[PDB]
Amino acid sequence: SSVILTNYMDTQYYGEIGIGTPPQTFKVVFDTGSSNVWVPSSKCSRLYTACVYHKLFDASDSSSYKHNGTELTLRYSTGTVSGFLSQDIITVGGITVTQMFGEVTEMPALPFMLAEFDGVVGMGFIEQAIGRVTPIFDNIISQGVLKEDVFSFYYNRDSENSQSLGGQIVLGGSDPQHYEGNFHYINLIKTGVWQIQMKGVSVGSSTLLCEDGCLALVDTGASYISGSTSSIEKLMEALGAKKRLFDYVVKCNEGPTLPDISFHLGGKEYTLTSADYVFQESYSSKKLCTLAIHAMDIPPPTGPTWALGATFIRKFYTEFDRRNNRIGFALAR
């Protein structure tokens, strides 16, 4: 199965899923950086303005609903949500599965008021599942219907003319329509996390970063490519970028000239061009242009680690292989 995704400003990719009977629809990010499923709850206080602006699941209108009520809290690098657990049938592009998910009752304004999506479908391993809840992908696998134990991500580049798909996720394989060349696989450091060994990061012609090795989390639920505050400070220093509050900028007229940035993964260099990491919204020397690379310190056990988000996946079609515990990259078509 494949789910069509919508691209919002190159920072938010989400698709649709139905929960309950009749199906209550929700926009959700398919996140390889987490393992739980959650959507805003009708029990969410309207004092949380974010709940006023999103679709809310109402168990009272679902005949297939299954109570549980176990409380849980989901911690993301840029925000937290609280709620309780519930069970119901979830429709994911053709596949129907009974799933345990979280009904969020606490959705902080910053950042959720800025989310185009309603919730999250975690594609991570159960090992990282808060509350030891069986992940939706594991449950789908249990049905023995997927042609293969893998799922793929295609994140397109933004577009001013809704007619071009913003992206697509395939359950059970990869769509040859959106990649060329052959996949180059990299074995997972450890099962339980979509993290791999990164052999080095280079800026221009000189591997000035991640020498001796480092970690790379391949996060489909993250907007950018991130590294420890230390690493980025060094990286951004080379690009001549000014550190702001939440991002790093560069004078727009300088964006096009910025050097290539490479990532040494599984014995192949994955190179990004300025056009790939800079939000070139102007050429003016009187305007600032944001970089699609940020500083973000991920805490243990997962961190310290670099994170390969949408900035990376836009260029490289990504396949996640549960069967062989490996990640695959290929030039996105």
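Each form is matched to the other, and the largest set of C-alpha atoms that superpose within 1.5 Å is called the rigid core. When you see a residue number, it is the position in the sequence shown, counting from 1.
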Core-superposed comparison in 9 other deposited structures of this protein: bigger Cα RMS shift among 104-112 and 223-231 is in 104-112
When the rigid core is fixed in 9 other deposited structures of this protein, C-alphas move more for 4-12 or 323-331; answer is 4-12
_Counting only other entries where the flanking residues are modelled, do a third or more lack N139?_
no
Quiz item: Is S164 unresolved, in the sense of carrying no coordinates, in at least a third of the other compared entries?
Solution: yes
Mean B factor on CA atoms, stretches 86-94 and 239-247, record says higher is 239-247
Going by the entry, of stretches 111-119 and 209-217 the one with greater average Cα B-factor is 209-217
In this crystal structure's PDB entry, the residue among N182, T105, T73, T78 with the greatest CA B factor is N182
Top Cα B-factor in this entry, restricted to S226, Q99, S223, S231, sits on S231
On the chain's distribution of Cα B-factors, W194 falls within the third called middle
Quick tally, chain-level thirds of C-alpha B-factors: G33 sits in the lowest
Temperature factor at the Cα of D297, chain-ranked in thirds, falls in the highest
In terms of its chain's C-alpha B-factors, the third that includes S63 is the lowest
Split the chain's modelled residues into thirds by Cα B-factor; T271 lands in the middle
